[PDB]
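Descriptive structure summary
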Amino acid sequence: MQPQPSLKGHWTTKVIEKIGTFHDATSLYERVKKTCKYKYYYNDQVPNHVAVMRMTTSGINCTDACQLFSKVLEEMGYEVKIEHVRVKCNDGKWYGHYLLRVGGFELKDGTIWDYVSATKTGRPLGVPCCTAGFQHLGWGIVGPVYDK
């Protein structure tokens, strides 16, 4: 038959255990959309095992969600890239933001996979959490500062 996403990976398994079965990035998005929550806490991160525990209870932010779900989607076999962007919402403000770029299998290349659309602003797969305006800023999470 034709190749399908692998459900064997470490982080995939711990996500399946917490939110229900999925078979690909689209169904993943829908189970997330159904189980998980957005919690804002500045730029702070937690370990992935902490994010897995919090994401349906107290919630996680776009930074942690991108950290965990990019691991899940790469285990599944997708091409993944966390993108740092700024979105303009219907309130007129710009917001700094992380989303995932995912392609392969049933997803076209560069498809937006946006945790915050899924859980907070209710926009469908492929659509960032706000659509009034967009600016690419770069690829990856900004690291910590070093000085002294």
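Residues numbered from 1 in each chain as written, not as in the entry; some residues may be left out. Heavy atoms only, no water.

Quick look at the state of the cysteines now. By the definition in use, this model includes 1 disulfide. Sulfur-sulfur distance for the disulfide between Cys-89 and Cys-130 comes to 2.1 Å. Of note, the bridge from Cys-89 to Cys-130 carries an S-S torsion of about 85° and is right-handed in sense. Residue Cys-89 is located in the loop between β1 (79–88) and β2 (94–104), and its partner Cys-130 is located in the loop between α5 (115–121) and β4 (133–139); the two are separated by 41 residues in the primary sequence. Since its relative accessible area comes to 13%, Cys-89 is described here as buried. Lacking any disulfide linkage, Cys-62 is separated from the closest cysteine sulfur, that of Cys-66, by 6.5 Å. Accessibility expressed as a relative area gives 10% for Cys-62, which makes it buried. (Disulfide = S-S within 2.5 Å. Helix = DSSP H or I, 4+ residues; strand = E, 2+ residues; numbered from the N terminus. Buried < 20%, exposed > 50% of the residue type's maximum accessible area, 1.4 Å probe, protein only.)

What follows deals with the UniProt feature "active site" in the protein chain. Residues annotated by UniProt as "active site" correspond here to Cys-62, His-97 and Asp-114. For the annotated residues, spread through 53 residues, the largest C-alpha to C-alpha distance comes to 9.7 Å, consistent with a single compact locus. Considering only the residues just annotated, the largest pocket is lined by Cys-62 and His-97. Note on placement: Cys-62 falls in helix α4 (residues 62–75). For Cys-62, the residues in contact, after removing those within four places along its chain, are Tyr-38, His-97, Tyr-98 and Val-116. Looking at where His-97 falls in the secondary structure, it is placed in strand β2. (UniProt positions renumbered as here; feature names shortened; annotations may be inferred. 1 Å grid on protein atoms, 1.4 Å probe; cavity = no way out; pocket = protein on both sides within 12 Å on 5 of 7 lines; lining within 4 Å. Contact = heavy atoms within 4.5 Å.)

In total, this model carries 5 aromatic pairs according to the counting rule given. An angle of 80° between the planes, with centres 5.6 Å apart, marks the rings of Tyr-29 and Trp-113 as edge-to-face. Residue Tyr-29 is located in helix α2 (residues 25–35), and its partner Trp-113 is located in strand β3 (residues 107–113); the two are separated by 84 residues in the primary sequence. By the burial criterion, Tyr-29 is buried, and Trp-113 matches it. Cluster of aromatic residues (ring-pair linked, three or more members): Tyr-29, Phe-69, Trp-113 and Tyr-115. (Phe/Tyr/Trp six-rings, centres within 6.5 Å; stacked < 30°, edge-to-face > 60°.)

Turning our attention to the pairing of β1. Pairing between β1 and β2: 10 bridges, direction antiparallel. Considered in β2, the bridge of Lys-81 is made with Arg-101. Adjacent in sequence and paired antiparallel, β1 and β2 are bridged by 5 residues, among which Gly-92 carries a positive phi angle near 95°. Both β1 and β4 contribute to a ladder of 6 bridges, which runs antiparallel. Paired with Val-85 across the two strands is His-136, which belongs to β4. (Pairing = 2+ DSSP bridges.)

This part is about the environment of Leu-100. On the secondary structure map, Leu-100 appears in strand β2. The spatial distance from the C-alpha of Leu-100 to the C-alpha of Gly-77 is 14 Å, given a sequence separation of 23 residues. If near-sequence neighbours (up to four positions away) are discounted, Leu-100 is found in contact with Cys-66, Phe-69, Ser-70, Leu-73, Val-80, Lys-81, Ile-82, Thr-111, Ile-112 and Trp-113.

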